[PDB]
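So basically every Cβ, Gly included, is an ideal-geometry build from the backbone, and we count neighbours across all protein chains shown. Every number here is computed from the coordinates shown, using simple stated rules; none is lab data.
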């Protein structure tokens, strides 16, 4: 209907969109709207028209676009990125819960289906080279910069590659599925790096530090 | 600290709802004693 | 040879059995409000 | 576009192997400092060394174990005697090094067999204790 | 004399807990006071400071 | 050490229903718990 | 009062003309700092800066060698004594 492409990055629009012609993507600090062409699987996106709103509000504005956007329809799989906010709220009323567990979404990833194949297609794979990132803090949408380390180049067996996401959803690396790291290894690497720096900082103020070894 | 100045302290009494003019009434004016002003200040 | 000069619970009891700022305000209010 | 891309020291430090805390190449002297003639009286070094009662390093378990581990090669120290920094670091990670030694004894028992292993504590036993000798007997 | 030794003693007490937290987290003397089970830093400071 | 045995049923009711060690889990000063585990516990 | 200690071994560097000479209550010469003086310690690896807030005593001299954890600055009843 409307092409918001090339429009202001934060100005409000005069109208209220019909929300059932759009994908509604809810993040911690915004609602992101991307036009939805009709499709039985409901996973086709029209990025030419996009809006962003404060949560549970109907006052729409054009989001900041930090990368070139797809021009034709594309099929994408959606996954969210964030944390659990598990709290222990104060107990005011009788039988007030001992904890509250809520999910806080800071980023949403839209991963293109390879050649736009459907989920139920027997040849369905994801195209990790084309990923679009919605950020809640900046109310923006961008394309991820992906580093491919799999040998094969553009023409390769996409059934063998694994996407690794690190650094608050900012680093994207495609590796071979045989180079998969154990979850224990991932956790222990992070702990070793942090405790190694903290220990050296603690030991730095000892006056014989410069004539001592790590071991 | 309430202000040492009297009229400032009266103002703070009203702001903190310690005392207001709605509390200033005597038996003469709430029981309708209109004749007593004739017997005083003469 | 030489002489140099150089620089709780009872507090609760003193308060409960009865501040300079309190004493000056009470004296000040007493002599003017009437 | 431009969104898809296809592709000694400082290695010991990365892996946690023994290494100086400060890279010797990126190490510099501290120039020249006040030589007691440009200094106030309270910052001058005494002409004669002063007896202290704290002039000797306090003995401890960490110093003894670190030296014993330095002679077997399990760790490497900056100098001949462990520093206070190195004993503090050993205190934090001492259980790891003991576990390594205990594992080596388990592997040695599984290699030599019980006869060779436990003959360390039977001095009167003079027969050959090798696995082949045990089988031959 | 008073100020140099008071500052030295107070610095030892300040550094006592981080030394335990970094180099001997399961030291028995540290665990008794740090967990709140028995003893405070002042009493521990009399033993090791 | 003093031990008192309530005699009347009125005194026995008060002892069981007001003075037992499980309806007095909070201290009146600020409302803190009284029997928090300590020391070896 | 609060004592600033040297975080590393090294050589103290500052402009002694930006500070005011004084005698401390312990009888030592020192400097009085009424500004945000920048004091540099050049250690064995890197060069490090310590900010000296105003109204503080600077107990060390320019080019002095200091050890780590050594007091270098201080941020800031009538008794009768018989001798």
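Considering only residues of region D:62-92 that are facing another protein chain (nearest Cβ under 7 Å) and part of a loop (DSSP other than H, G, I, E, B), which is farthest from residue D:12 (Cα to Cα)? Don't jump to the end; show me each part of the working.
Pass one, region D:62-92, residues facing another protein chain (nearest Cβ under 7 Å): D:75-79, D:83-86, D:88-89, D:91-92.
If we keep only those that are part of a loop (DSSP other than H, G, I, E, B) as well, we get D:75-79, D:83.
Working: D:75: 13, D:76: 12, D:77: 14, D:78: 14, D:79: 18, D:83: 20 Å.
For region D:62-92, the residue satisfying everything is D:83.
Considering only region A:73-94, state which residues are in a loop (DSSP other than H, G, I, E, B) and more than 29 Å from residue A:111 (Cα to Cα).
Taking region A:73-94 first, the residues in a loop (DSSP other than H, G, I, E, B) are A:73, A:88-94.
Scanning region A:73-94 gives A:88, A:89, A:90, A:91, A:92, A:93, A:94.
Would you confirm, using the coordinates I've provided, whether residue A:153 is facing chain D (nearest Cβ under 8 Å), at positive phi and touching a strand residue (DSSP E or B) at 6+ places or on another chain (Cβ under 9 Å)?
Numbers: facing chain D (nearest Cβ under 8 Å): yes; at positive phi: yes; touching a strand residue (DSSP E or B) at 6+ places or on another chain (Cβ under 9 Å): yes.
Yes; evaluated as a whole, the condition is true for this residue.
Only one of A:205, A:173 is in contact with a strand residue (DSSP E or B) (Cβ under 9 Å, 6 or more places away or on another chain), surrounded by 15 or more Cβ atoms within 10 Å (Cβ to Cβ), within 14 Å of chain D (Cβ to nearest Cβ) and part of a strand (DSSP E or B). Can you tell me which? Even if it seems obvious, please write down each step before you answer.
On the way: A:205 fails: part of a strand (DSSP E or B).
Of the residues listed, the single one that is in contact with a strand residue (DSSP E or B) (Cβ under 9 Å, 6 or more places away or on another chain), surrounded by 15 or more Cβ atoms within 10 Å (Cβ to Cβ), within 14 Å of chain D (Cβ to nearest Cβ) and part of a strand (DSSP E or B) is A:173.
Condition check ((1) part of a loop (DSSP other than H, G, I, E, B); (2) more than 8 Å from chain D (Cβ to nearest Cβ); (3) surrounded by 13 or more Cβ atoms within 10 Å (Cβ to Cβ)) across all residues:
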{"site": "A:137", "(1), (2), (3)": "yes, yes, no"}
{"site": "A:163", "(1), (2), (3)": "no, yes, yes"}
{"site": "A:168", "(1), (2), (3)": "yes, yes, no"}
{"site": "A:198", "(1), (2), (3)": "no, yes, no"}
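Quick one: would you say residue E:21 is within 8 Å of the chain's Cα centre (by Cα) and either within 14 Å of chain D (Cβ to nearest Cβ) or in a helix (DSSP H, G or I) (or both)? Quick ask: steps written out before the conclusion?
Working: within 8 Å of the chain's Cα centre (by Cα): no; either within 14 Å of chain D (Cβ to nearest Cβ) or in a helix (DSSP H, G or I) (or both): yes.
Against the criterion (within 8 Å of the chain's Cα centre (by Cα) and either within 14 Å of chain D (Cβ to nearest Cβ) or in a helix (DSSP H, G or I) (or both)), residue E:21 does not qualify.
Tally time: how many residues in region E:24-49 are loosely packed, with under 13 Cβ neighbours inside 10 Å and at the interface with another protein chain (Cβ under 9 Å from one of its Cβ atoms)?
Of all residues in region E:24-49, those loosely packed, with under 13 Cβ neighbours inside 10 Å come to E:25-26, E:28, E:35-36, E:38, E:40, E:42-43, E:46-47.
Next cut, at the interface with another protein chain (Cβ under 9 Å from one of its Cβ atoms) only: E:25, E:36, E:38.
Residues flagged as loosely packed, with under 13 Cβ neighbours inside 10 Å and at the interface with another protein chain (Cβ under 9 Å from one of its Cβ atoms) within region E:24-49 amount to 3.
Residue A:161 is checked against (1) out of contact with any helix residue (DSSP H, G or I) (no Cβ under 8 Å at 6 or more places or on another chain); (2) under 21 Å from residue A:114 (Cβ atoms) and fails just one. What number does that condition carry?
It is condition (1) that residue A:161 fails.
In region G:36-47, what residues are surrounded by fewer than 20 Cβ atoms within 10 Å (Cβ to Cβ) and either over 13 Å from the mean Cα position of the chain (by Cα) or at the interface with another protein chain (Cβ under 8 Å from one of its Cβ atoms) (or both)?
The answer is G:42, G:44, G:45, G:46, G:47.
More than 16 Å from residue A:141 (Cβ to Cβ), under 19 Å from the mean Cα position of the chain (by Cα) and surrounded by 13 or more Cβ atoms within 10 Å (Cβ to Cβ): which single residue out of A:43, A:31 fits that description?
Values: A:31 fails: more than 16 Å from residue A:141 (Cβ to Cβ).
When all the criteria are applied, what remains is A:43.
Going by the structure shown, is residue D:115 more than 14 Å from every other protein chain (Cβ to nearest Cβ), part of a helix (DSSP H, G or I) and surrounded by 13 or more Cβ atoms within 10 Å (Cβ to Cβ)? First the steps, then the outcome.
Numbers: more than 14 Å from every other protein chain (Cβ to nearest Cβ): yes; part of a helix (DSSP H, G or I): yes; surrounded by 13 or more Cβ atoms within 10 Å (Cβ to Cβ): yes.
So residue D:115 passes the test.
Identify all residues within region G:48-83 that are part of a strand (DSSP E or B), within 10 Å of another protein chain (Cβ to nearest Cβ) and over 11 Å from the mean Cα position of the chain (by Cα); write none if there are none. Reasoning before the result, please.
Restricting attention to region G:48-83, the residues satisfying the condition of being part of a strand (DSSP E or B) are G:48-52, G:56-58, G:65-66, G:71-75, G:79-82.
The next check asks that each one be within 10 Å of another protein chain (Cβ to nearest Cβ); those that pass are G:65-66, G:71, G:74, G:79-82.
Listed by number, the residues that qualify are G:65, G:79, G:80, G:81, G:82.
Among the candidates D:22, D:30, which residue alone is under 18 Å from the mean Cα position of the chain (by Cα) and assigned to a loop (DSSP other than H, G, I, E, B)? Explain how you work it out, then say what you get.
On the way: D:30 fails: under 18 Å from the mean Cα position of the chain (by Cα).
The unique qualifying residue is D:22.
Please state which of the following conditions residue D:41 fails to meet, knowing it meets all the rest: (1) more than 30 Å from residue A:196 (Cα to Cα); (2) surrounded by 11 or more Cβ atoms within 10 Å (Cβ to Cβ).
Residue D:41 satisfies every listed condition except (2).
Here's the yes/no breakdown for (1) within 20 Å of residue C:24 (Cβ to Cβ); (2) within 14 Å of chain C (Cβ to nearest Cβ); (3) surrounded by 10 or more Cβ atoms within 10 Å (Cβ to Cβ):
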| residue | (1), (2), (3) |
| --- | --- |
| B:3 | yes, yes, yes |
| B:19 | no, yes, yes |
| B:29 | no, no, yes |
| B:33 | no, no, yes |
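Of all residues in region A:19-28, count the ones that are over 14 Å from the mean Cα position of the chain (by Cα) and either assigned to a loop (DSSP other than H, G, I, E, B) or crowded, with 19+ Cβ neighbours inside 10 Å (or both). Spell out the reasoning first.
Going through region A:19-28, the residues over 14 Å from the mean Cα position of the chain (by Cα) turn out to be A:19-24.
Now drop any that are not either assigned to a loop (DSSP other than H, G, I, E, B) or crowded, with 19+ Cβ neighbours inside 10 Å (or both), which leaves A:22-23.
The total comes to 2.
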